[PDB]
Every structure is written in C-alpha cells, then in structure tokens.
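Chemist: Pasting the sequence and an experimental structure:
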Number of protein chains: 2
Amino acid sequence: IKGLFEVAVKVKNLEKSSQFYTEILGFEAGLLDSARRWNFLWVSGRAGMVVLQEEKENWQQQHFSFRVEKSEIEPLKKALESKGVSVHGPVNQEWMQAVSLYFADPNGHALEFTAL
Amino acid sequence: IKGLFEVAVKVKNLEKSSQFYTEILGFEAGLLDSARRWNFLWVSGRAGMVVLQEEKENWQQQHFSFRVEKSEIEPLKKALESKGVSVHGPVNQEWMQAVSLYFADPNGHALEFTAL
C-alpha cells in the first residue's frame, strides 16, 4: 500500500463545491455524473482524487489533508487568503516533524495542507 | 498540492479498529492519544496517514481509497481474504484507466484499493 489516493466528500451543493475544489484548490476535471450528483476530481495529475457527492441532509464534518512541500506553506496560506479563504496556522506538529495549515471548504469540512 | 495525505476515520471501537488498520492493512504506529480516543497511524512510511477517532454515536459511512500497484491487485485481494476480509473486484474503471478492489473496515466503511 503506497499511500492515500481518494476521499469521498459529502457536499451541500455540487456546483458550489465543484467551483471551490477546481478554482480555489486547482483540482482538475475528471468525471461529472450529474445523475448521481457526483464529481470525481483529480489531484496533482493522477496522484489523488476527491469524489464530491451531493447530500442535502444529515451534515457531518469530515477531515482530510493534502500533501504540500514545507517551503510552500506560506505561499499556499497567502493564496487561499487572497481567494477569500480564512487560514489557520502554520501549526507545527513536532511529534511528526510536520507543519499544517487548516481551512474550511464551503461545507465547513476541516481541510488541511500537511508538509512533512 | 501533491496528493491526498490523511483522512480522519470515525470508529466505533478504537482498539478493534486500530487492530484492523495495523494488523490487516499493515499501517504503522504513530501517536495513540488514549485521552481523546484518537490513533494516528502511518501509511507507507511517511506517505500517508489515517487518524482513527472513536465515536460511539451517529454512524455515517465513509469512503476512501489507498494507492496500490496494478500488479499487486490479486495478491492484495488474496491477502485480505486470508485474513477474513470479504473483497469485491477487481473492478475495472475504464474512464480513469484504473482497477479497484472494495472491502469494509470493522465499522462498515467503504474502503478501496485503487491501482492506476
């Protein structure tokens, strides 16, 4: 097993969340299934994938993180902030020799950039 | 952004789920926080991480997948089966030139191995 590849993310609004993940996070189009209301988006070419799945009821917070380089922590924080996203951190994770940034998607999920 | 690094997984029983993720999936010990009832486990050295978080109420199914090599699909299916885990697939994902195996963790989450 080589790492984490994909996560399914429950979203309140497929279009608004697709806009966030593609325009703000820069993920690339994959497969938009307007029938099931799912959108499969690619992370870093073919390195990862998020599957946005529309669900209008029963909200529950999710947490997941994306890998970034330590040297890119401040640029990424600034880029998110410029696009209107509030960013917490950097937070040092001494026990794992890591640095994290924390921010929300449009659904209030707890997203993170982690540098190792 | 280089890929997906970590997912938080809600579990009914921290010990039973920790046993599954370490003994069956082979993830390595990281940080066991018996206070918050969380266990941070490493995937493929430092390539990824799962954070098991005990929650005894409000079950909701999660979906996530781990990256594997295409040539390892049958060995991994067999290995899981040998450890008592029922495996579905391989399923060809033609649109993304991928192959998937599907199986459950002890919480009934929808886990997957994806080969690209």
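Modeler: Yep, it's here. Numbering: from 1, shown residues only, chains lettered A, B, ... in the order given.

Chemist: Chain B contacts on chain A?
Modeler: The interface of chain A toward chain B, taken as CB under 8 Å from any CB of the partner chain, is made up of A:1-8, A:25-27, A:30-31, A:40, A:43-44, A:46-51, A:58, A:60, A:62-69, A:76, A:95-96, A:110, A:112-114, A:116. To be clear about C-beta, it is placed using only N, CA and C from the backbone, and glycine gets the same treatment.

Chemist: my read: residue A:6 touches residue B:4, true?
Modeler: Yes - using CB atoms under 8 Å, residue A:6 makes contact with residue B:4 at a distance of 6.7 Å.

Chemist: Return every residue with contacts to both of these two.
Modeler: Overlap between the contact sets of residue A:6 and residue B:4, as judged by CB atoms under 8 Å, 6 or more residues apart in numbering or on different chains, is given by A:48, A:49, A:50.

Chemist: Which one of those residues is nearest to chain B?
Modeler: Distance ranking of those against chain B, using CB to the nearest CB, places residue A:48 first at 3.9 Å.

Chemist: so what's the closest one up against?
Modeler: Under the criterion of CB under 8 Å, 6+ apart, the contact list for residue A:48 reads A:4, A:5, A:6, A:42, A:66, B:3, B:4.

Chemist: next one: residue A:53
Modeler: Neighbour list for residue A:53: A:8, A:9, A:10, A:11, A:36, A:37, A:38 [criterion: CB under 8 Å, 6+ apart].

Chemist: Next, the buried residues of stretch A:15-30.
Modeler: Judged by neighbour count (16 or more other CB atoms under 10 Å in any protein chain shown), stretch A:15-30 contains these buried residues: A:17, A:18, A:20, A:21, A:22, A:24, A:25, A:27, A:30.

Chemist: which residues of chain A fall in strands?
Modeler: In chain A, strands defined by DSSP state E lie at A:3-11, A:28-33, A:38-43, A:48-54, A:63-68, A:88-93, A:98-104, A:110-115, listed in chain order.

Chemist: Return the residues in contact with the residue most central in space within chain A.
Modeler: For chain A, residue A:111 is the residue whose C-alpha lies nearest the centre (CA atoms, centre = their mean; 5.5 Å). Contacts of residue A:111 were listed using CB under 8 Å, 6+ apart, and they are A:63, A:64, A:65, A:66, A:102, A:103, A:104, A:105.

Chemist: before we move on, what about residue A:85?
Modeler: Contact criterion CB under 8 Å, 6+ apart gives A:24, A:103, A:104 as the residues in contact with residue A:85.

Chemist: can you check residue A:45 too?
Modeler: By CB under 8 Å, 6+ apart, the neighbours of residue A:45 are residue A:28.
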